[PDB]
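Visitor: Below is model-v9.txt; it holds compact mmCIF, N, CA and C atoms and all ligand atoms.
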```txt
# COMPACT_ATOMS: atom_id res chain seq x y z
N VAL B 1 0.89 -1.21 0.00
CA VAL B 1 0.00 0.00 0.00
C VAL B 1 0.90 1.23 0.00
N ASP B 2 0.49 2.29 -0.70
CA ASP B 2 1.27 3.53 -0.86
C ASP B 2 0.91 4.45 0.29
N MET B 3 1.47 4.15 1.46
CA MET B 3 1.00 4.74 2.70
C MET B 3 1.27 6.22 2.77
N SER B 4 2.26 6.71 2.02
CA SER B 4 2.47 8.13 1.96
C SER B 4 1.28 8.93 1.41
N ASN B 5 0.40 8.28 0.63
CA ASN B 5 -0.81 8.98 0.13
C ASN B 5 -2.10 8.51 0.82
N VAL B 6 -1.92 7.72 1.87
CA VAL B 6 -3.03 7.34 2.74
C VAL B 6 -3.22 8.37 3.85
N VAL B 7 -4.44 8.87 3.97
CA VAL B 7 -4.75 9.86 5.00
C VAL B 7 -5.35 9.24 6.27
N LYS B 8 -6.00 8.09 6.13
CA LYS B 8 -6.56 7.39 7.28
C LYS B 8 -6.62 5.90 6.99
N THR B 9 -6.27 5.11 7.99
CA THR B 9 -6.45 3.65 7.93
C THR B 9 -7.38 3.23 9.07
N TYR B 10 -8.30 2.33 8.77
CA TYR B 10 -9.12 1.68 9.77
C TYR B 10 -8.65 0.26 9.90
N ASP B 11 -8.23 -0.11 11.11
CA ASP B 11 -7.76 -1.45 11.42
C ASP B 11 -8.91 -2.23 12.02
N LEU B 12 -9.41 -3.17 11.24
CA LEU B 12 -10.60 -3.90 11.61
C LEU B 12 -10.24 -5.06 12.54
N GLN B 13 -11.21 -5.48 13.33
CA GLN B 13 -11.04 -6.60 14.28
C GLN B 13 -10.52 -7.86 13.63
N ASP B 14 -10.95 -8.14 12.39
CA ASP B 14 -10.52 -9.34 11.69
C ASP B 14 -9.13 -9.22 11.05
N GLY B 15 -8.41 -8.15 11.35
CA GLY B 15 -7.08 -7.98 10.81
C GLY B 15 -6.99 -7.35 9.44
N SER B 16 -8.14 -7.12 8.80
CA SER B 16 -8.13 -6.36 7.55
C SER B 16 -7.93 -4.87 7.81
N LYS B 17 -7.66 -4.14 6.74
CA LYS B 17 -7.47 -2.72 6.83
C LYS B 17 -8.19 -2.08 5.69
N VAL B 18 -8.83 -0.96 6.00
CA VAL B 18 -9.37 -0.03 5.02
C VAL B 18 -8.49 1.20 4.96
N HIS B 19 -8.07 1.59 3.76
CA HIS B 19 -7.21 2.75 3.56
C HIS B 19 -7.92 3.78 2.71
N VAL B 20 -7.90 5.04 3.17
CA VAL B 20 -8.49 6.13 2.43
C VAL B 20 -7.36 7.04 1.99
N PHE B 21 -7.36 7.40 0.71
CA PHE B 21 -6.28 8.12 0.09
C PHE B 21 -6.57 9.63 -0.03
N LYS B 22 -5.51 10.40 -0.25
CA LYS B 22 -5.61 11.84 -0.42
C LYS B 22 -6.58 12.27 -1.54
N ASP B 23 -6.69 11.45 -2.60
CA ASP B 23 -7.57 11.77 -3.73
C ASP B 23 -8.98 11.21 -3.56
N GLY B 24 -9.26 10.67 -2.38
CA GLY B 24 -10.60 10.22 -2.02
C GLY B 24 -10.89 8.77 -2.33
N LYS B 25 -9.97 8.10 -3.01
CA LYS B 25 -10.14 6.66 -3.29
C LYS B 25 -10.02 5.90 -2.00
N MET B 26 -10.58 4.70 -2.01
CA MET B 26 -10.55 3.86 -0.84
C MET B 26 -10.31 2.44 -1.31
N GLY B 27 -9.55 1.71 -0.51
CA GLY B 27 -9.32 0.29 -0.78
C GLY B 27 -9.22 -0.52 0.50
N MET B 28 -9.17 -1.84 0.36
CA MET B 28 -9.14 -2.72 1.51
C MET B 28 -8.19 -3.89 1.24
N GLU B 29 -7.51 -4.33 2.27
CA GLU B 29 -6.64 -5.52 2.20
C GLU B 29 -6.91 -6.37 3.41
N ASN B 30 -6.91 -7.68 3.22
CA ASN B 30 -6.97 -8.56 4.39
C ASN B 30 -5.63 -8.62 5.22
N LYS B 31 -5.60 -9.43 6.28
CA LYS B 31 -4.44 -9.55 7.19
C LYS B 31 -3.16 -10.06 6.53
N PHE B 32 -3.31 -10.70 5.38
CA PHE B 32 -2.20 -11.24 4.58
C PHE B 32 -1.80 -10.32 3.44
N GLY B 33 -2.42 -9.17 3.35
CA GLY B 33 -2.11 -8.21 2.32
C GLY B 33 -2.80 -8.47 0.99
N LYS B 34 -3.80 -9.36 0.98
CA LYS B 34 -4.55 -9.64 -0.21
C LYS B 34 -5.65 -8.58 -0.41
N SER B 35 -5.77 -8.06 -1.62
CA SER B 35 -6.79 -7.09 -1.89
C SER B 35 -8.18 -7.67 -1.70
N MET B 36 -9.09 -6.84 -1.18
CA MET B 36 -10.48 -7.22 -0.96
C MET B 36 -11.42 -6.21 -1.58
N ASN B 37 -12.57 -6.65 -2.08
CA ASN B 37 -13.64 -5.69 -2.42
C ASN B 37 -14.18 -5.16 -1.13
N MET B 38 -14.53 -3.90 -1.12
CA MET B 38 -15.07 -3.30 0.09
C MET B 38 -16.56 -3.63 0.26
N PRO B 39 -16.94 -4.22 1.42
CA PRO B 39 -18.36 -4.52 1.59
C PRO B 39 -19.15 -3.26 1.89
N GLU B 40 -19.90 -2.79 0.91
CA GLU B 40 -20.70 -1.58 1.08
C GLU B 40 -21.89 -1.87 1.99
N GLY B 41 -22.22 -0.94 2.88
CA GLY B 41 -23.39 -1.08 3.75
C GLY B 41 -23.30 -2.14 4.86
N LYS B 42 -22.09 -2.58 5.16
CA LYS B 42 -21.84 -3.58 6.20
C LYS B 42 -21.19 -2.90 7.38
N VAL B 43 -21.73 -3.09 8.58
CA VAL B 43 -21.08 -2.57 9.79
C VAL B 43 -19.82 -3.42 10.06
N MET B 44 -18.72 -2.72 10.29
CA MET B 44 -17.39 -3.30 10.53
C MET B 44 -16.83 -2.67 11.80
N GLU B 45 -16.26 -3.49 12.68
CA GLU B 45 -15.72 -3.01 13.96
C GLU B 45 -14.21 -2.87 13.88
N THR B 46 -13.67 -1.77 14.40
CA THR B 46 -12.25 -1.59 14.44
C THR B 46 -11.62 -2.18 15.70
N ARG B 47 -10.30 -2.28 15.72
CA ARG B 47 -9.60 -2.84 16.88
C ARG B 47 -9.84 -2.05 18.15
N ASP B 48 -10.13 -0.76 18.03
CA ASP B 48 -10.35 0.03 19.23
C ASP B 48 -11.84 0.18 19.56
N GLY B 49 -12.69 -0.60 18.91
CA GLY B 49 -14.13 -0.61 19.23
C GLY B 49 -15.01 0.32 18.39
N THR B 50 -14.41 1.20 17.59
CA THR B 50 -15.18 2.08 16.69
C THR B 50 -15.92 1.15 15.74
N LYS B 51 -17.12 1.50 15.29
CA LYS B 51 -17.76 0.78 14.17
C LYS B 51 -17.91 1.72 12.98
N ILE B 52 -17.73 1.18 11.78
CA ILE B 52 -17.85 1.98 10.58
C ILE B 52 -18.74 1.27 9.58
N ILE B 53 -19.26 2.08 8.66
CA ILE B 53 -19.94 1.60 7.47
C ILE B 53 -19.45 2.38 6.27
N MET B 54 -19.24 1.70 5.15
CA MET B 54 -18.85 2.34 3.92
C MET B 54 -20.10 2.42 3.03
N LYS B 55 -20.46 3.61 2.53
CA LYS B 55 -21.58 3.76 1.60
C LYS B 55 -21.32 4.96 0.69
N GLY B 56 -21.51 4.79 -0.62
CA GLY B 56 -21.28 5.89 -1.55
C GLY B 56 -19.85 6.41 -1.56
N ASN B 57 -18.90 5.50 -1.39
CA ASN B 57 -17.47 5.82 -1.27
C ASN B 57 -17.10 6.74 -0.11
N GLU B 58 -17.93 6.73 0.92
CA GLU B 58 -17.69 7.53 2.11
C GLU B 58 -17.74 6.63 3.34
N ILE B 59 -17.01 7.02 4.39
CA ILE B 59 -17.01 6.27 5.64
C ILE B 59 -17.86 6.98 6.66
N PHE B 60 -18.78 6.23 7.25
CA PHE B 60 -19.60 6.68 8.36
C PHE B 60 -19.17 5.96 9.61
N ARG B 61 -19.04 6.70 10.70
CA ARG B 61 -18.51 6.16 11.96
C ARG B 61 -19.50 6.32 13.11
N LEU B 62 -19.55 5.37 14.05
CA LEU B 62 -20.57 5.47 15.12
C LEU B 62 -20.50 6.84 15.75
N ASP B 63 -21.65 7.47 16.00
CA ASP B 63 -21.63 8.81 16.57
C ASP B 63 -21.17 8.78 18.05
N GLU B 64 -19.97 9.32 18.31
CA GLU B 64 -19.43 9.39 19.67
C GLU B 64 -20.30 10.19 20.64
N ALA B 65 -21.14 11.08 20.12
CA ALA B 65 -22.08 11.84 20.96
C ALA B 65 -23.06 10.94 21.71
N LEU B 66 -23.31 9.75 21.17
CA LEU B 66 -24.28 8.81 21.75
C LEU B 66 -23.59 7.72 22.56
CU CU I 101 -14.70 1.35 1.14
```
Mind converting the file's structure to structure tokens?
Ligand SMILES: [Cu+]
Guide:
Amino acid sequence: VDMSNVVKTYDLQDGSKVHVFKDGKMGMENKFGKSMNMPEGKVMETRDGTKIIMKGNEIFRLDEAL
């Protein structure tokens, strides 16, 4: 992964990673570095307990206010 152009990574509980790039592209790799299609509309939990959903090429994160 070209981490110098990655602005945010989400480290998922299952060891996969979602990477969001400076130009707005997004990709995913499993724990072995194999590319994955991103599951749109699926709740995914991060290692620190955050939950996210990807929809319309955007990341939505559990509202910390609640
Ligand atoms: Cu995505």
Visitor: How would you report the residues lying within 6.5 Å of ligand CU 101 (chain I), as a PyMOL selection string, if you count all atoms listed in the file?
Guide: chain B and resi 26-28+38-39+54-55+57-58
Visitor: Restricting the output to N, CA and C atoms, write the selected residues as a CSV table (one decimal), in the frame of the given file.
Guide:
```
chain,number,residue,atom,x,y,z
B,26,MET,N,-10.6,4.7,-2.0
B,26,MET,CA,-10.6,3.9,-0.8
B,26,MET,C,-10.3,2.4,-1.3
B,27,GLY,N,-9.6,1.7,-0.5
B,27,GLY,CA,-9.3,0.3,-0.8
B,27,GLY,C,-9.2,-0.5,0.5
B,28,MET,N,-9.2,-1.8,0.4
B,28,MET,CA,-9.1,-2.7,1.5
B,28,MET,C,-8.2,-3.9,1.2
B,38,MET,N,-14.5,-3.9,-1.1
B,38,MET,CA,-15.1,-3.3,0.1
B,38,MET,C,-16.6,-3.6,0.3
B,39,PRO,N,-16.9,-4.2,1.4
B,39,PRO,CA,-18.4,-4.5,1.6
B,39,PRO,C,-19.2,-3.3,1.9
B,54,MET,N,-19.2,1.7,5.2
B,54,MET,CA,-18.8,2.3,3.9
B,54,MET,C,-20.1,2.4,3.0
B,55,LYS,N,-20.5,3.6,2.5
B,55,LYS,CA,-21.6,3.8,1.6
B,55,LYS,C,-21.3,5.0,0.7
B,57,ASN,N,-18.9,5.5,-1.4
B,57,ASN,CA,-17.5,5.8,-1.3
B,57,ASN,C,-17.1,6.7,-0.1
B,58,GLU,N,-17.9,6.7,0.9
B,58,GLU,CA,-17.7,7.5,2.1
B,58,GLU,C,-17.7,6.6,3.3
```
Visitor: Nearest residue to residue 10 in chain B out of B:24, B:31, B:36, B:46, using all atoms listed in the file?
Guide: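 Result for the nearest residue to residue 10 in chain B: B:46.
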Visitor: From a backbone DSSP assignment, name each residue in chain B labelled strand (DSSP E), as JSON, numbers by chain.
Guide: {"B": [6, 7, 8, 9, 10, 11, 17, 18, 19, 20, 21, 26, 27, 28, 29, 35, 36, 44, 45, 51, 52, 53, 54, 55, 58, 59, 60, 61]}
Visitor: I'd like to know which of B:63, B:48, B:35, B:4 is closest to residue 21 in chain B, using only N, CA and C atoms.
Guide: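 Among the listed residues, the smallest separation from residue 21 in chain B belongs to B:4.
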Visitor: If I take atom N of residue 43 in chain B and atom C of residue 7 in chain B, how far is one from the other in Å, to one decimal?
Guide: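 One can read the atom N of residue 43 in chain B to atom C of residue 7 in chain B distance as 20.6 Å.
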Visitor: Using only C-alpha atoms, which protein or nucleic acid residues come within 7 Å of residue 6 in chain B? Drop anything in the same chain fewer than 3 positions from it, and give the result as a short mmCIF file (atom, residue, chain, number, x, y, z; two decimals) with N, CA and C atoms, keeping the file's coordinate frame.
Guide:
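Once written, out.cif looks like this:
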```
data_model
loop_
_atom_site.label_atom_id
_atom_site.label_comp_id
_atom_site.auth_asym_id
_atom_site.auth_seq_id
_atom_site.Cartn_x
_atom_site.Cartn_y
_atom_site.Cartn_z
N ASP B 2 0.49 2.29 -0.70
CA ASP B 2 1.27 3.53 -0.86
C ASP B 2 0.91 4.45 0.29
N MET B 3 1.47 4.15 1.46
CA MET B 3 1.00 4.74 2.70
C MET B 3 1.27 6.22 2.77
N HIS B 19 -8.07 1.59 3.76
CA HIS B 19 -7.21 2.75 3.56
C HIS B 19 -7.92 3.78 2.71
N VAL B 20 -7.90 5.04 3.17
CA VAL B 20 -8.49 6.13 2.43
C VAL B 20 -7.36 7.04 1.99
N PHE B 21 -7.36 7.40 0.71
CA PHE B 21 -6.28 8.12 0.09
C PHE B 21 -6.57 9.63 -0.03
N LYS B 22 -5.51 10.40 -0.25
CA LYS B 22 -5.61 11.84 -0.42
C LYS B 22 -6.58 12.27 -1.54
#
```
Visitor: For a quick check of understanding, using all atoms listed in the file, which of B:30, B:64, B:51, B:5 has the smallest distance to residue 17 in chain B?
Guide: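 Of B:30, B:64, B:51, B:5, the one nearest residue 17 in chain B, counting all atoms listed in the file, is B:30.
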Visitor: Name the closest residue to residue 52 in chain B among the candidates B:23, B:12, B:32, B:1; distances are taken between atoms, counting only C-alpha atoms.
Guide: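 Residue with the minimum atom-to-atom distance to residue 52 in chain B: B:12.
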Visitor: What is the distance between CA of residue 25 in chain B and CA of residue 66 in chain B, in Å to one decimal?
Guide: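 CA of residue 66 in chain B lies at a distance of 28.8 Å from CA of residue 25 in chain B.
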Visitor: Between CA of residue 29 in chain B and CA of residue 16 in chain B, what distance in Å does the model show, to one decimal?
Guide: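 Those two atoms sit 5.6 Å apart.
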Visitor: Which residue gives the smallest distance to residue 14 in chain B among B:45, B:65, B:53, B:40, with only C-alpha atoms counted?
Guide: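 Closest residue, counting only C-alpha atoms: B:45.
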Visitor: Identify which of the residues B:61, B:33, B:56, B:41 lies closest to residue 15 in chain B, counting only N, CA and C atoms when measuring atom-to-atom distances.
Guide: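 Once distances to residue 15 in chain B are computed over only N, CA and C atoms, the minimum belongs to B:33.
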Visitor: Taking all listed atoms of range 36-48 of chain B, build the axis-aligned box, pad each of the six sides by 3 Å, then write its centre and edge lengths in Å to one decimal as AutoDock Vina command-line options.
Guide:
```
--center_x -16.2 --center_y -3.5 --center_z 8.6 --size_x 20.3 --size_y 13.4 --size_z 28.0
```
